[PDB]
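# Summary of the model geometry
Below, each chain spelled out in residue letters.
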Amino acid sequence: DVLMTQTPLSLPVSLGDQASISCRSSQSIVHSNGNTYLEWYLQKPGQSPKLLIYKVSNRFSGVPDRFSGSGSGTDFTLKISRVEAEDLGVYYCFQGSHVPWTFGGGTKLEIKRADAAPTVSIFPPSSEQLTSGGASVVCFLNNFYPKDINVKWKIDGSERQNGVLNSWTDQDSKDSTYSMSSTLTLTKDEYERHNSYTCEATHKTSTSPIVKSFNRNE
Amino acid sequence: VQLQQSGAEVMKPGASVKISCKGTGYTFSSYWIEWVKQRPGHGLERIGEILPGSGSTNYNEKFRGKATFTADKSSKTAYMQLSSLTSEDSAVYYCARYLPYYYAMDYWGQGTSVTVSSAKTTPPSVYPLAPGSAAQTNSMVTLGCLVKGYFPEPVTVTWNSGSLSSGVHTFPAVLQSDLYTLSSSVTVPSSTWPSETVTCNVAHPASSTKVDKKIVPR
Ligand SMILES: *[C@@H]1O[C@H](CO)[C@@H](O[C@@H]2O[C@H](CO)[C@@H](O[C@@H]3O[C@H](CO)[C@@H](O)[C@H](O)[C@@H]3O)[C@H](O)[C@H]2NC(C)=O)[C@H](O)[C@H]1NC(C)=O
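Residues numbered from 1 in each chain as written, not as in the entry; some residues may be left out. Chains lettered and ligands numbered in written order. Part of a larger assembly, values for the part shown. Heavy atoms only, no water.

For this entry, the PDB record names cryo-EM as the structure determination method and reports a resolution of 2.94 Å.

Below, the structure is given as structure tokens:
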């Protein structure tokens, strides 16, 4: 099974900036017919993959000319001259030369822009959560970029990491900024015991961790 | 040309499912049908292929024995049967039309979603959330409306008749324990929040539930 590797796993590039994806093969995928069967597929979020290039260079009918591929042996690359918004997505390699035919790892293509500071927040549990016999503590980290974000809970100075819910939102379109909704759940007996609950956030824009705490004893 | 796939399916662990891909507008018997698995996390994996004309079939080593392909020439449909379903078999399955060494996977199906779990059709448990008592009020305040304890997907969380189309961050749903949960946040001025009325419109078409509950200002 020919293994295909793609680098980089992420390629942040601004609009109008040339992008270049690289593909490597575990073994030469050349074929006796004089052609090597490599194809490139783009899968936008929530949609089926779309063919872009086949036989290394040939462009599928109905694709913008900005896309272009090339390579040989075990080295292939895909070049986008001028990137636009509809070009966002994941690009997949595909070798159709040696049975079985395998897919590439995938290279998530994103757009880069000026770093935006995180917008952190914290909300305590609700009353119905108390009635049901549990606790739900939530921390929101909204509109932060790039992905260099880390979240850590220091309950009364003690770091809590067990049972940490982690939720990140894909890159937006209106602002193209990431967001996180990491949370945790506690029990009433365990929710009324510890005095101080904390939710920190580590980001590049501010080397010093951003502190967001709320005291159970209040 | 068009490939039509069956609808979404939900099965219990240890059961078996039979997805169908119907192809119309071309010589169905002469084109291989590629089956592709895409886990929600990431990656495209090729399960195998079948040529409806003959009985030939191929399987990727990872899926050998898990999946069995059958084709019906009378009705232009191709089937895949998954045996001994487990949690890792929950994914989106695509069917594509392929001709090796020639025309590539130019046409794809809409994609069938299969979820493996022992849960039932639990309705939502929306818990509206308000800013904490110990929290400063700034010019731009973000709202929050939590939803948890629901199954299966999807649940369309939105605002009153698109009350706030912009500034909305609907985070992806996640499995806390056995049920799905999500959250949302919309940015609004503090001046208009007391006056303007906005309600997180949680929906659950699977359970035929349409419940609207706004977050009363604290
Ligand atoms: C089976 O054998 C036939 C005949 O030997 C092969 O057909 C030939 O395939 C080559 C390679 O694709 C064709 O050359 C290419 O033609 C295209 C279109 O004209 C051109 O754009 C390329 O630059 C290149 O010149 C060739 O025309 C074609 N000849 C005929 C008569 O069909 C076929 O590829 C072989 N198939 C396999 C799987 O080995």
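### So, the overall build of chain A
Regarding its fold elements, chain A presents two helices and 20 strands. For 218 residues, the compact-globule estimate of 2.2 N^0.38 gives 17 Å, and chain A exceeds it by more than 25% at 23 Å. Counting only residues that meet the buried cut, chain A has 48% of its 218 residues in that class. Restricting to contacts in chain A with at least 6 residues of sequence separation, those with at least 24 account for 57%. Averaging the coordinates of the 21 positive side-chain charges in chain A and doing the same for the 22 negative ones gives two points 4 Å apart. (Helix = DSSP H or I, 4+ residues; strand = E, 2+ residues; numbered from the N terminus. Rg over C-alpha atoms; globule rule 2.2 N^0.38 Å. Buried < 20%, exposed > 50% of the residue type's maximum accessible area, 1.4 Å probe, protein only. Contact = heavy atoms within 4.5 Å. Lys, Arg positive; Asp, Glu negative; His and termini not counted. Charge placed at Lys NZ, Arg CZ, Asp CG, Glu CD.)

### Focus: the side chain of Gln 171 of chain A
Residues and elements named next belong to chain A. When you line up the elements, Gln 171 lands in the loop between β16 (168-169) and β17 (178-180). Residue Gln 171 is classed as buried on the basis of its relative accessible area, which comes to 14%. There is a polar contact of 3.3 Å between the side chain of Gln 171 and the backbone nitrogen of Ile 111. Within the local environment of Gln 171, its side chain forms a polar contact with the side chain of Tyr 178, the two groups lying 3.1 Å apart. Discounting chain neighbours no more than four positions away, the residues touching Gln 171 are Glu 110, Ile 111, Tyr 145, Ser 176, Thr 177 and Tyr 178. (Polar contact = N/O pair within 3.5 Å; in protein donor to acceptor, adjacent residues only side chain to side chain.)

### Describing the state of the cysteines
Residues and elements named next belong to chain A. Applying the stated rule across the entire model yields four disulfides over all chains. Covalently, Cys 23 is tied to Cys 93 through a disulfide, its sulfur atoms 2.0 Å apart. Here the residue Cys 23 occupies a position in strand β3 (residues 19-25), and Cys 93 occupies one in strand β9 (residues 89-95), the gap between them amounting to 70 residues. The two residues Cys 23 and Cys 93 agree in class, both being buried. Between the sulfur atoms of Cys 139 and its disulfide mate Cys 199 the distance is 2.0 Å. With the S-S bond torsion at -95°, the cross-link from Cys 139 to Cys 199 turns out left-handed. (Disulfide = S-S within 2.5 Å.)

### Examining the domain arrangement of chain B
All names here are of chain B. Assigned domains of chain B: these are domain 1 (1-118) and domain 2 (119-217). For domain 1 versus domain 2, the separation of C-alpha centres amounts to 36 Å. Contacts between the two partners involve five residues from domain 1 and, on the opposite side, five residues from domain 2. Of all residues in domain 1, the largest losses of buried area upon contact with domain 2 belong to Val 10, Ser 117 and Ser 118, amounting jointly to 74% of the total for that side. At the junction of domain 1 and domain 2, the tally comes to zero salt bridges. (Domains from an automatic or database assignment. Buried area = accessible area lost by both parts, 1.4 Å probe. Salt bridge = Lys/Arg side-chain N within 4 Å of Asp/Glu carboxyl O.)

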